[PDB]
Amino acid sequence: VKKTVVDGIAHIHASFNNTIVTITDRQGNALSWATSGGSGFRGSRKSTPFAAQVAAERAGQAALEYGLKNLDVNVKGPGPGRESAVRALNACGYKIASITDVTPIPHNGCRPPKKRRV
Amino acid sequence: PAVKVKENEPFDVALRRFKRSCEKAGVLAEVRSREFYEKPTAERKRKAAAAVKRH
Amino acid sequence: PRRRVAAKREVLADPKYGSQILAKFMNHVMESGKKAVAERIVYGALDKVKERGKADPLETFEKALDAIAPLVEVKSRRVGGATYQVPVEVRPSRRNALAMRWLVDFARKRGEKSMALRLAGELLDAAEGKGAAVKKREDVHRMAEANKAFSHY
RNA sequence: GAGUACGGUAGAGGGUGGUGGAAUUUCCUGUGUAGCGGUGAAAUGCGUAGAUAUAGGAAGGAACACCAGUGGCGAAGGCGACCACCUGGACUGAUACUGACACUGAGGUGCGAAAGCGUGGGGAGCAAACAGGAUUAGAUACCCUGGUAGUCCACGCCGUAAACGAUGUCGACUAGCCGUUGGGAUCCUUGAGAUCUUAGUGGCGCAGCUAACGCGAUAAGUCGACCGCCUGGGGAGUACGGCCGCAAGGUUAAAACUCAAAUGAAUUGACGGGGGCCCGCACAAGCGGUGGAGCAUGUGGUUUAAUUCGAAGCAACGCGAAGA
């Protein structure tokens, strides 16, 4: 149904292989989500900024049915589409109050995997 | 890594300030370095070359 | 690699209509350098177009080529060790030339009696936008707008 | 020379206990719905039993982002979160004191990365082995998905590394120039720089040395004390014996035989699935073709009595032959 939420938060889980955009409220209750791999982009096209904005635009219009006009952008992770997905949120009806990078940074914690000997 | 959009400016220049904040913090470089584990020999060998280039 | 500026060839206007746009159309439909034979085709084709509707065979040529000339086209391109068909816009010098390309090629493979009425058959069949040359234009446009992911040059 | 007494300075020097933040994983709950994850692309895998994402909470282990620096400390191996306790050394200033008490060092003894071994704990991530998915002619690999020992802690053992500066320790002397760390002295008392001096830590460089590369006050230069080690390559740091070890193994350490060379540095060329620049119907865009069909020609093969001989990738095959 219509939750009638006016203030939201947009999360872009941009990675080197896929970009997941999720629109949520100020308390972290998700409403709509879309991914680059879920928009017909598979393989080499899933890791392209154009696929990222298609995911952001697809989830963008699915989020207006809640009557959402204000949101804060929480982009996280590296990859081709950290910014291209945010520019998609501007094309559809929205105003961005703030843009924040929430990419997790270990303070030299858990050991990462080994170098790929490609 | 955090910018606030002000009144009466285009959202385009809000983006350019955003990544300018990002490279100032250097978050992309940090996540690139933590992608895989660099052994202490490879890390010390990289820093030794960094000192040579600087001088 | 090359450093040459290639060459700038000029085409003189047609003697029966005073339009250099038909000159390169004549230049395109050529076979074995037979200038006199081929120009008999277009004028007979233009008479057929003029005799069947319209008011001027020259203006429907103008109407025909824009419906054939694409506005975008991909090209094979290797950057990251793989082939990325980057869609690129077609320059004005090339779009009309390739428009003249696809009109004759698909009319040559038609089932009508002679080319004199076969290019003429496509001319109105392409001016309204329901011909095979029109069909070939959109699938090229279909080739792009799907590879839009690759936009780096 | 060596050492002691005093004030001070810097430090990831070492040991024993606490404490913190970021992050990962696992679990619980809410929202929410078709993917997530991965790759060159896939697939194994995870997911409609509701995954990933997002928010709140909890547990647990490991390492301490930024600071961070040819920076610092340490005999070396090594040592990076913070704090408290215990503790070694170095540097620095003057005065005071002993008065050669020094250097080196076969044996000997102590410490000694990582892996490994034993007993007991612990276990988040990573990951030998192992399993599956790919790739490949094959792939006991590279890549992906998982994953055990191990990595962590305590107490023992091992005693080896490209344990390297491939450069033993100690002392003296020999142009300079440019940085940097901890001090000291004088000009600047400057507010704030400059000049000497010392202990380190780097980059050039005269002389000198070097086979050359290069070293060049942190010498591989000029010397002196002592010690260790080498005598062509392979066999071989192997066998045998001794000592050590729980083991894996370590250490000491040959010969027969065999070869006429192995080797270091540097030069020219060539090559590179190294880099930079440039050109050619080399590529790109098109024009028309061959390869499919019939005929002409030559060649290989076959056959023949001979099917005369030569030409054999580009650069032989309508070539010598401009005509059996």
Side-chain angles (χ1 to χ4, degrees), chain A residues 1 3 5 8-47 55-56 58-59 62-63 65-66 71-72 74-77 85 102-118, chain B residues 1 24-27 29-31 33-34 36-41 43-55, chain C residues 1-4 6 27-33 73-84 88 90-91 93-94 97-98 100-102 104-105:
Chain A
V1 293
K3 204 180 173 181
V5 277
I9 294 168
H11 303 275
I12 318 99
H13 186 271
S15 147
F16 288 104
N17 273 333
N18 206 341
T19 314
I20 300 168
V21 302
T22 278
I23 297 103
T24 206
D25 320 332
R26 296 290 157 151
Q27 322 72 317
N29 269 281
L31 329 171
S32 47
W33 63 266
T35 75
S36 326
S39 316
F41 308 102
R42 268 291 149 205
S44 308
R45 326 217 325 290
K46 198 179 34 147
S47 36
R58 254 203 317 140
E65 171 274 352
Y66 294 64
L71 46 72
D72 315 351
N74 267 357
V75 53
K76 143 190 301 181
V102 202
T103 307
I105 283 321
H107 293 183
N108 227 41
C110 290
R111 174 163 176 145
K114 46 185 192 157
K115 253 70 190 83
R116 299 180 71 240
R117 286 185 314 275
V118 246
Chain B
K24 192 93 185 143
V27 290
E30 259 177 349
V31 307
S33 82
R34 266 158 228 263
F36 290 133
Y37 176 78
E38 193 182 23
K39 283 155 200 263
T41 81
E43 173 261 19
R44 80 187 79 218
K45 230 187 57 180
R46 200 185 38 41
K47 294 272 198 22
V52 169
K53 283 277 219 303
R54 240 182 288 122
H55 205 59
Chain C
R2 285 127 44 71
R3 40 174 165 216
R4 201 204 324 204
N27 169 21
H28 275 97
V29 292
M30 60 141 195
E31 293 195 12
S32 290
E73 167 61 74
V74 306
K75 26 190 253 173
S76 289
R77 155 82 247 174
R78 283 205 141 222
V79 164
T83 68
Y84 294 144
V88 317
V90 191
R91 41 209 156 93
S93 68
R94 188 180 162 75
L98 178 284
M100 281 163 215
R101 171 57 137 221
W102 260 340
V104 53
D105 152 37

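Numbers restart at 1 for each chain; the letters A, B, ... are given by sequence-line order, proteins then strands. Below, all heavy atoms of this structure are taken into account, side chains as well, without hydrogens, waters or symmetry copies.
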With [X] via side-chain contact (heavy atoms from CB on, under 4.5 Å) - residues at least two apart:
| X | result |
| --- | --- |
| A:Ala30 | A:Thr22, A:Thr24 |
| C:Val74 | C:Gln85, C:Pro87, C:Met143, C:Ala144 |
| C:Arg78 | C:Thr83 |
| C:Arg4 | C:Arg2 |

Protein N or O to nucleotides 33-35 of chain D N or O, pairs below 3.5 Å:
residue	atom	partner	partner atom	Å
D:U33	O4'	A:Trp33	NE1	3.0
D:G35	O3'	A:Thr35	OG1	3.2

Practice task
Give the minimum heavy-atom separation between A:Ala55 and A:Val21, together with the two atoms involved.
Solution key: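 In this case the closest contact between A:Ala55 and A:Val21 is O-CG2, 3.3 Å.
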Practice task
In whole angstrom, give the distance that lies between atom NZ of B:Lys39 and atom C1' of D:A162.
Solution key: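 Taking atom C1' of D:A162 as the reference, NZ of B:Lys39 is at 16 Å.
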Exercise for the section: Quickly work out the A:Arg116 CZ to D:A141 P distance and round it to whole Å. Expected result: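 Answer to the nearest Å: 18 Å.
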Restricting to nitrogen or oxygen on both sides, can you table the protein-nucleotides 124-128 of chain D pairs closer than 3.5 Å?
residue	atom	partner	partner atom	Å
D:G125	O2'	A:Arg111	O	2.4

Practice task
Answer with base, sugar-phosphate or nothing: what part of the nucleic acid does A:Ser44 contact at a heavy-atom distance below 4.0 Å?
Solution key: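 Since only primed, P, OP1 and OP2 atoms lie under 4.0 Å of A:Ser44, the category is sugar-phosphate.
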Might you list the N or O atoms of the protein lying below 3.5 Å from N or O atoms in nucleotides 53-55 of chain D, with each pair's distance?
residue	atom	partner	partner atom	Å
D:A53	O2'	A:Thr22	OG1	3.4
D:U54	OP1	A:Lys76	NZ	2.7
D:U54	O2'	A:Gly28	O	3.4
D:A55	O2'	A:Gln27	O	3.4

Practice task
Report the residues that fulfil ring-ring contact (aromatic ring centres under 6.0 Å, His included) with A:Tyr66, sequence neighbours left out, ordered by chain and then residue number.
Solution key: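 So A:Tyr66 forms no ring-ring contact (aromatic ring centres under 6.0 Å, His included) with any residue.
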Problem - Which residues share a salt bridge (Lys or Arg N to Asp or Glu O under 4.0 Å) with B:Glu43, sequence neighbours left out - result: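 Result, salt bridge (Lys or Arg N to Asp or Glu O under 4.0 Å) vs B:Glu43: B:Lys47.
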Exercise for the section: Give a yes/no on whether any side-chain N or O of A:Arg117 is located under 4.0 angstrom from OP1 or OP2 of D:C143. Expected result: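 Yes.
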Practice task
Mind running a 4.0 Å heavy-atom check of residues 43-53 of chain B against RNA chain D and sending the residues that fall below it, in number order?
Solution key: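 Under 4.0 Å from RNA chain D: B:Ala51, B:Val52.
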Exercise for the section: Taking only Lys NZ, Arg NE, NH1 and NH2, and the carboxylate oxygens of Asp or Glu, determine whether B:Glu38 and B:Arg46 approach each other closer than 4.0 Å. Expected result: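 Answer for the salt bridge query: yes.
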I'd like a table of atom pairs between the protein and nucleotides 283-286 of chain D - only N or O on both sides, under 3.5 Å - with the distance next to each one.
residue	atom	partner	partner atom	Å
D:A285	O2'	C:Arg94	NH1	3.4
D:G286	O3'	C:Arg101	NH1	2.8
D:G286	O3'	C:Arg101	NH2	2.8

Handout entry: North or south sugar for D:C36 (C1'-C2'-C3'-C4' positive means north)
Key =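 North, since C1'-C2'-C3'-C4' is positive for D:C36.
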Exercise for the section: Would you list the pairs meeting ring pair (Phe, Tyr, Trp, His ring centres under 6.0 Å) in which at least one residue belongs to residues 8-27 of chain A, sequence neighbours left out? Expected result: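 Non-adjacent pairs meeting ring pair (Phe, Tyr, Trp, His ring centres under 6.0 Å): zero.
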